[PDB]
Each structure stands twice: as C-alpha cells, then as structure tokens.
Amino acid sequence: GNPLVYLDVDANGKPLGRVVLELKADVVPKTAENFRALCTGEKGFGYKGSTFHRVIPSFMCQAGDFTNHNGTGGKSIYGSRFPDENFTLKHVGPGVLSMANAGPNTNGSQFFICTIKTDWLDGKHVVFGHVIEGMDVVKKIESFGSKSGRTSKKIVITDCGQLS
C-alpha cells in the first residue's frame, strides 16, 4: 500500500514526539516517492537534522529546507525542482500534508502540515498525504509559530524514515 513515514521532532533540544504521515502514492506517486526517499535519506541527503523554519498559528507548519535552512532552498530526488503532479487531493482540513512552492511547477523538498482547512491553496499546492498520528506534536509546533512565520523555539527533525 501507500508508504507510511515519520518525523521525530525536537523543540529547543527536547523531544515533542513523532509525526507519522501517509503518503498518497496511489494519487501522486512521483510526489510521494520524493518525500519518502528524503525521509530515509537513501540518496545521500534528506530531512534528517533540518528544521521547521516557518510556522503560522491557525494556518500551517512548514519545513524541508535542508540546504539553506531558511525557506529559499531544498532539492528533490529528481533534481532541484519538479512539476505539480496534480491537484486531485484537496486542502480539506487539519493534518493535510502539501508541497510548499514558489509558484507553478517549483516543488523541491519544502512541505507544510495544515492546522486548518486551507481551501484557497487548492489547485496551487500539491497535496500528497496527511497526518496518521501525532497531531498533538503538530499543535505543539504550531504554538511555537507567529504571525510572520518566525518560530519562537528551534524546531528540528532529529530523525525521520519509512515505517512501511
């Protein structure tokens, strides 16, 4: 079936717990595969040791810039960027996993987990999964955000990988 992957997250050197994500490879196989391999680190790079750099309460938690660590960077397993696979999955509510981008067809490695229904991103951001377990951790991360997106704690993906 669809891969299950995990992110173990620290805030200020203290463990918050684990976020488990289902990657909808059945709908967006290319997008799912990229995120899966970046969790395992099997291509020589990935999410391990990178941060949630932009968090906005009542909106979303963003991460995945493992090259520049500031929201300008990241890269995919295919190359620096890859196309929007489709917009079939919708931003239906809290727990939705979606690709951050800098406009059409600029997917790399940055992603976000929604804390509300972000329906206005439908057709603009590629949704590729959702939170199976660990919304409690996501709400903690959300609480360390701000209006500007600047985080009030240093939030780090200490470990990540594939469960199935």
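Quick note: we count residues from 1 along the sequence shown, nothing fancier.
Novice: Of 130 to 138 and 64 to 72, which one has the bigger average CA B-factor?
Specialist: If you average the C-alpha B-factors of 64 to 72 and of 130 to 138, the larger mean comes out for 64 to 72.
Novice: Quick check on the record: does 27 to 35 or 116 to 124 carry the larger mean Cα temperature factor?
Specialist: Between 116 to 124 and 27 to 35, it is 116 to 124.
Novice: Looking at the temperature factor on the CA atom of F111, which third of the chain's modelled residues does it land in?
Specialist: It falls in the bottom third of the chain.
Novice: Relative to the other modelled residues of the same chain, rank the CA B-factor of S58 and answer lowest, middle or highest third.
Specialist: For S58, whose C-alpha B-factor we compare with every modelled residue in the chain, the answer is the highest third.
Novice: Name the third of the chain's ranked CA B-factors that contains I157, choosing lowest, middle or highest.
Specialist: Its C-alpha B-factor belongs to the highest third of this chain's values.
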